[PDB]
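Have a look below at one chain only, the form deposited in one PDB entry, in structure tokens format.
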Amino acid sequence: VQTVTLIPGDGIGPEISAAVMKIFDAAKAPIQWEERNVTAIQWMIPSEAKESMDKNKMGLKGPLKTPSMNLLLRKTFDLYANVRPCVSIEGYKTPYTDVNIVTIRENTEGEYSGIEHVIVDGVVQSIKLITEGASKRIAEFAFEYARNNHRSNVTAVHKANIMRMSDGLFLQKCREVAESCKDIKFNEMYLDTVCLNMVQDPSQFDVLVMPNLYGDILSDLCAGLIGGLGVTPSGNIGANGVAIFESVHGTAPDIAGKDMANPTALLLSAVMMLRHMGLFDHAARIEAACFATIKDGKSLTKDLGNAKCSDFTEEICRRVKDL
């Protein structure tokens, strides 16, 4: 029975986070919630926020307000790998129904090196940084993730035709990990090809591994295929076994306390959290309970049913009991 650092956040943050705690207990999960409010101070995140996470290893985060706290958390815990599993959701119907993709984003460098220069008046240089160490690590994670989640294929996404030295080096590290892991099927694809094919037949893709910007954009595109940020889980793996799983939609302040919010995403991130540590049994129950609720019909939230947050939550709890 281990402890999970909980960061309710702002707006609908508390409501949905309450909804996740109620479902986790209804499922009898060996998880107790240790609430913590992060805020930039002195910048840095608070002493007690840093300390909970440093011993617990696992955190869960609702939507925060906007020095970015998400940027702080990344540098504070060296969150190098952004993972976004996008699976088409039965009941919630988009024009794309066969989607099952995991985008694995290098999250420390690339085009977010933070380095821009005014070379002369009217001429700006933005530095894209690709390193050997960081590329190998994201590649090692991508393949390690694929094995542990029973994934057949990994695709490295790149523009090495145009950015030869940088995207090339990233690809070279993806190749070295691949030949040392013949277990998983590895291919390489141009970013524009991936984009072109994704919106036609997204069912062709499995695990996508890529540098920072391409990952930033594709994770969002893939999420747009399955319904949006309201229904999409996200995890961030760091150094020393630390890992934070999160909501990525807005705080929705204009419905903050009206029992009008949707906790699907935060729940799915929570389900994703349970799988990372090894509690595979519970993870599957809550998930199936969630999917069946959405498929079911009327119990829906306003973004999704003319129903309140607490009914939808209540239906899930009820259904996870009858495993």
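Numbers follow the displayed sequence, beginning with 1. By rigid core we mean the largest C-alpha set that fits within 1.5 Å across both forms.
With respect to the deposited sequence, how many residues separating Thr66 from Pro67 are not represented by coordinates: none, 1 to 3, 4 to 9, or 10 or more? 4 to 9 residues are missing.
If you count the residues of the deposited sequence that sit between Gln42 and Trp43 but have no coordinates, do you get none, 1 to 3, 4 to 9, or 10 or more? Count of unmodelled residues in between: 4 to 9.
Taking the mean of the C-alpha B-factors per stretch from the entry, tell me the winner out of 74 to 82 and 123 to 131. Higher of the two, by average CA B-factor, is 74 to 82.
So, looking at the entry's B-factor column for Cα atoms, which has the higher mean, 266 to 274 or 253 to 261? So the stretch with the higher mean C-alpha B-factor is 253 to 261.
Could you place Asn149 in the lowest, middle or highest third of its chain by Cα temperature factor, using the values in the record? Within its chain, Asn149 is a middle-third residue by C-alpha B-factor, going by the deposited values.
Considering every modelled residue of the chain and its Cα B-factor in the PDB entry, is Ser219 in the lowest, middle or highest third? Its C-alpha B-factor, which the entry lists for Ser219, ranks in the lowest third among residues of this chain.
Going by the entry, which third of its chain does the Cα temperature factor of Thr94 land in? Its C-alpha B-factor belongs to the middle third of this chain's values.
Can you tell me which third, lowest, middle or highest, the CA B-factor of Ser234 falls into for its chain? Within its chain, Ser234 is a middle-third residue by C-alpha B-factor, going by the deposited values.
Sort the modelled residues of this chain by their C-alpha B factor and say whether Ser247 lands in the lowest, middle or highest third. Answer is middle: the recorded C-alpha B-factor places it there.
Not pictured, yet referred to below: the form deposited in another entry.
Using the core for the fit, does the CA position of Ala252 change by 2 Å or more between the shown form and the other one? It does shift by 2 Å or more.
Comparing between the shown form and the other one on the rigid core: C-alpha of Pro202 shifted by 2 Å or more? No, because once the rigid core is superposed, the C-alpha of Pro202 moves less than 2 Å between the shown form and the other one.
C-alpha of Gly215 moved at least 2 Å between the shown form and the other one on rigid core: Comparing the forms between the shown form and the other one, which are aligned on their rigid core, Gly215 does shift its C-alpha by 2 Å or more.
Compared with this form, is the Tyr112-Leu73 Cα separation smaller or larger in that other deposited form, the difference being 3 Å or more? Closer, not farther.
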